[PDB]
Structures are given as C-alpha cells and as structure tokens.
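As structure tokens, the structure follows; a few thoughts come after it.
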Amino acid sequence: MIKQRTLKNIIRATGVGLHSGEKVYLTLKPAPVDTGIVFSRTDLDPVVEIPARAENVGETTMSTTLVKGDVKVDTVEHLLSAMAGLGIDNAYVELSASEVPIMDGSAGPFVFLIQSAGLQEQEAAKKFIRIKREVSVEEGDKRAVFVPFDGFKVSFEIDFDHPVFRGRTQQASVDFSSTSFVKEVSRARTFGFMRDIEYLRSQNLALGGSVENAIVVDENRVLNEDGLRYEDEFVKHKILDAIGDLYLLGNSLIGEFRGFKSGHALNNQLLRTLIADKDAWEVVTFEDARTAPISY
Ligand SMILES: C[C@](O)(c1ccc(O)cc1)[C@H](NC(=O)c1ccc(C#CC#Cc2ccc(N)cc2)cc1)C(=O)NO
Ligand SMILES: [Zn+2]
Ligand SMILES: [Zn+2]
Ligand SMILES: [Zn+2]
C-alpha cells in the first residue's frame with residue numbers, strides 16, 4: 001500500500017518574515033498518523049495551534065494566512081508547497097512569530113529541511129482526494145479550476161503585458177508523472193513588481209523583502225543580477241504557490257489544477273467550493289502502489 005509519511009527527525013531553521021522583516025525561528029517535527037500539518041505559535045502563552053486546512057484560511061491578499069481568532073500564521077504557501085511536493089502527510093510546524101520565514105523566496109529551503117529531516121513511512125494508508133467532476137471559480141478575468149485527471153498535474157497561465165514579460169512563455173503545464181517537483185518547480189522564487197513593492201514599503205510592509213529572496217522586475221527588466229533559476233521561473237512560482245494552497249485540502253490530489261491569472265484568494269475559494277460539493281470528489285487509497293497514477 002502507499003503509506004502516510006512524516007519526518008524522521010526534528011529539524012530547525014531561522015529566517016525573516018517577508019512582511020515583518022523580523023527574525024523567526026522555524027521547527028519541523030514528526031507527527032502521528034492522520035494529524036495533517038499543524039502550525040503552532042510557540043511564542044504565545046498559551047501556545048496556539050492552527051491546522052493547515054482550507055477552513056482556517058483568513059486573509060489571502062498576496063499570501064495565504066491561517067487564522068484562529070486573533071492569532072495568525074502568514075505566508076504558509078511555500079512551506080506547504082514543499083510538504084505537498086514530498087508527500088508529507090503529518091508534521092508539526094513550530095513558529096516563534098506570526099509568519100513563516102521567507103528564506104530564499106522559493107520552496108527549496110523547505111524541501112531541503114524536509115529531506116534533511118528524513119522521510120518516515122507510517123503504518124496507515126495514505127488518503128488521496130480524486131477529482132470526479134470539473135469545478136471552477138472566477139473573479140473578473142481570473143479563473144481557477146479543478147479538472148479530473150488520472151495523475152497529478154498543475155497548469156498555469158499568467159498574462160502580463162508589461163515589457164519585461166514580453167516574449168516570455170507565461171504558461172506551463174506540469175505532469176508529475178515525468179516532472180520532478182524538487183528539481184523543476186521547488187526552487188522557483190517569488191516575484192514582485194517594483195511599483196507594488198515600493199507601495200508596500202511606503203506603508204512599512206514587505207520589510208523582509210530583498211533581491212536575495214525575491215525576483216523583482218520593473219516595467220522593463222529583471223533587477224536581480226543573476227537572472228533566473230528556470231527559464232520560466234515566474235509561472236513556475238505560480239505553480240508552486242498553487243501546490244501549496246492545494247495542500248490545504250489536507251490530502252494529496254489525484255486530478256489537475258488549472259490557473260489563469262489566479263492568486264491565493266481564488267485558489268482558496270476553489271478549495272472551499274470543491275470541498276462543499278461531495279459529488280465532485282472522493283477519497284481513495286491504494287492497497288497496491290503499482291496500480292496508482294501517482295508515486296512518491
Ligand atoms: C508571486 C506572488 O504570487 C504575487 C502576487 C501578486 C502579484 O501581483 C505578483 C506576485 C506573491 N508574491 C509576494 O507576495 C511578494 C513577492 C515579493 C515581495 C518583495 C520584495 C522586495 C524587495 C526589495 C527589492 C529591491 C530592494 N532594493 C529592496 C527590497 C513582496 C511580496 C507570492 O509569491 N505569494 O505566495
Ligand atoms: Zn506595464
Ligand atoms: Zn509564492
Ligand atoms: Zn468560498
């Protein structure tokens with residue numbers, strides 16, 4: 001059978017919050033079967049736990065924020081993207097502040113931590129959510145869709161008209177039958193438009209952002225000296241972001257996500273809309289791994 005997966009060891013890192021600019025301590029820990037990913041604010045007294053589930057998402061402007069009452073954990077999407085990519089079902093994530101550290105802007109540092117912690121198979125079947133019917137949500141010209149697919153595929157199209165994007169692919173469809181999340185998606189850095197970052201900074205926001213943790217473009221050029229990690233890094237990051245949001249379903253997906261100019265708000269609307277319609281999905285397990293359309 002395909003088994004649930006957790007970490008073998010506790011592991012730690014530090015970094016700064018993209019929004020706050022202040023140092024945060026991160027800890028990833030093993031967790032029992034059927035725990036899911038649970039975030040804990042260990043700086044608070046009492047300590048506050050927030051399960052990484054779609055129903056606990058509050059704000060979704062630019063980042064995905066988990067909320068419980070007045071307590072928040074911001075910017076969960078890149079870490080969760082790594083958890084999803086490596087098929088980690090169960091883990092505890094401890095944080096000394098209200099935001100996951102931005103690290104290098106990608107999911108790579110989290111992939112690194114999870115792999116370094118080691119992968120532990122657990123004595124319970126891994127559950128998957130299989131999409132049975134296509135479901136979509138829209139806002140203006142933005143669209144996010146789940147489509148049935150015998151495997152796991154994430155497709156995305158961005159549609160920027162600024163000169164710096166002219167001639168760029170702005171589209172990718174990744175079938176994880178033959179694409180490595182680790183090698184080909186996880187290291188895509190977050191990006192921002194210079195004018196938008198200036199606006200954030202003018203309000204004392206985005207204080208942790210730098211060219212060392214984000215690709216910054218003006219109307220016409222990429223500001224980062226070293227260029228891009230992947231030829232299509234921008235759309236790959238959107239794919240990364242979508243995989244992280246997808247993991248808030250609480251189980252790995254058998255299906256396809258398609259994004260069109262979509263962001264965290266629409267991604268989360270899609271999750272809640274899917275979850276609510278039981279005719280459109282089912283939970284499956286694989287007692288024989290060789291018969292499965294995915295592999296971890
Ligand atoms: C990628 C993302 O999805 C997104 C969402 C909306 C959008 O319009 C574009 C990108 C969205 N991006 C961010 O929220 C984002 C990305 C970059 C920054 C920044 C910065 C900086 C800086 C800096 C640069 C130069 C100097 N000299 C100093 C400081 C802030 C936030 C994302 O990745 N969310 O998961
Ligand atoms: Zn423009
Ligand atoms: Zn992102
Ligand atoms: Zn909704």
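Computed from heavy atoms alone, side chains included, the values below leave out hydrogens, waters and symmetry copies. Every number for a ligand or one of its atoms is a count from 1 in the order of the listing. Each residue takes its place number in the sequence, starting with 1.
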Within 6.0 Å of [atom1] in [X], more than 12 heavy atoms from elsewhere:
X	atom1	answer
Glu139	CD	no
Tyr296	OH	yes
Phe112	CZ	no

Under a 4.0 Å N-O cut-off, is there an ion pair linking [X] with [Y]?
X	Y	answer
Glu123	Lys3	yes
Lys72	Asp74	no
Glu157	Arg258	no

Sub-4.0 Å atoms of ligand 1 with respect to non-hydrogen atoms of [X]:
X	value
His78	33 (O), 35 (O)
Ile197	19 (C), 20 (C), 21 (C), 22 (C)
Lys238	3 (O)
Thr190	1 (C), 11 (C), 12 (N), 13 (C), 15 (C), 16 (C), 32 (C), 33 (O)
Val216	24 (C)
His264	34 (N), 35 (O)

Residue that, paired with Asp89, satisfies side-chain hydrogen bond (donor to acceptor under 3.5 Å, both in side chains) out of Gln122, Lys126, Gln4 |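 With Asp89 as partner, side-chain hydrogen bond (donor to acceptor under 3.5 Å, both in side chains) holds for just one option, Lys126.
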Please report whether ligand 1 has a polar contact with [X], defined as an N or O pair separated by less than 3.5 Å (distance criterion only).
X	value
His237	yes
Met62	yes
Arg201	no

Kindly compute the distance separating NZ (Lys8) from CD (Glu121), expressed to the nearest 0.5 Å.
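Between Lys8 NZ and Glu121 CD, I get 9.0 Å after rounding to 0.5 Å.
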Checklist entry - Between atom CG of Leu240 and atom OG1 of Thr190, what is the distance when rounded to the nearest 0.5 Å? => result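 One finds 9.0 Å between CG of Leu240 and OG1 of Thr190.
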Who's the nearest protein heavy-atom neighbour of [atom], and how far?
atom	result
atom 3 (O) of ligand 1	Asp241 OD2, 3.3 Å
atom 35 (O) of ligand 1	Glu77 OE2, 2.3 Å
atom 28 (C) of ligand 1	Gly209 O, 4.2 Å
atom 26 (C) of ligand 1	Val211 CG1, 4.8 Å
atom 10 (C) of ligand 1	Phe191 O, 3.2 Å
atom 30 (C) of ligand 1	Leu18 CD2, 3.8 Å

* Short check: is a protein heavy atom less than 4.0 Å from atom 19 (C) of ligand 1? ->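 Yes; the ligand atom in question has protein heavy-atom contact below 4.0 Å.
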**OP:** Please confirm if an N, O or S atom belonging to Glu77, backbone or side chain, lies less than 2.8 Å from the Zn ion (ligand 3).
**Re:**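 Checking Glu77: none of its N, O or S atoms is under 2.8 Å.
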Confirm or rule out an N/O/S atom of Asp161, from backbone or side chain, lying less than 2.8 Å from the Zn ion (ligand 2).
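Short answer: no, not a single N, O or S atom is under the cut-off.
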Checklist line | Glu233 and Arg187: CA distance, side-chain angles, deciding distance, salt bridge (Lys or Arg N to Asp or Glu O under 4.0 Å) verdict | finding: CA-CA 9 Å; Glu233 198 171 356; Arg187 295 191 78 250; over 6 Å; no
- [ ] Could you check whether the rings of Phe286 and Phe128 sit parallel, tilted or perpendicular, using 30° and 60° as the cut-offs?
- [x]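 If you compare the ring of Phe286 with that of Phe128, the planes turn out perpendicular.
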*Does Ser210 have a non-hydrogen atom less than 4.0 Å from ligand 1?*
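Flag set, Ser210 near ligand 1.
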Pair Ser155-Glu256, side-chain hydrogen bond (donor to acceptor under 3.5 Å, both in side chains): steps then yes or no = CA-CA 7 Å; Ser155 302; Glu256 171 179 15; 2.7 Å; yes
Of all the N, O or S atoms in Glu219, which one sits nearest to the Zn ion (ligand 2)?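 Looking at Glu219, the N, O or S atom with the least distance to the Zn ion (ligand 2) is OE2.
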Could you pull out the atom name of the N/O/S atom in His162 that is nearest the Zn ion (ligand 2)?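 Closest to the Zn ion (ligand 2) among those atoms: ND1.
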| said: Before we go on, tell me: are the rings of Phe234 and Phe160 under 6.0 Å apart, centre to centre? | reply: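 They do not qualify: ring centres at least 6.0 Å apart.
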Shortest-distance N/O/S atom, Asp241 versus the Zn ion (ligand 3):
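It is OD1, the N, O or S atom of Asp241 closest to the Zn ion (ligand 3).
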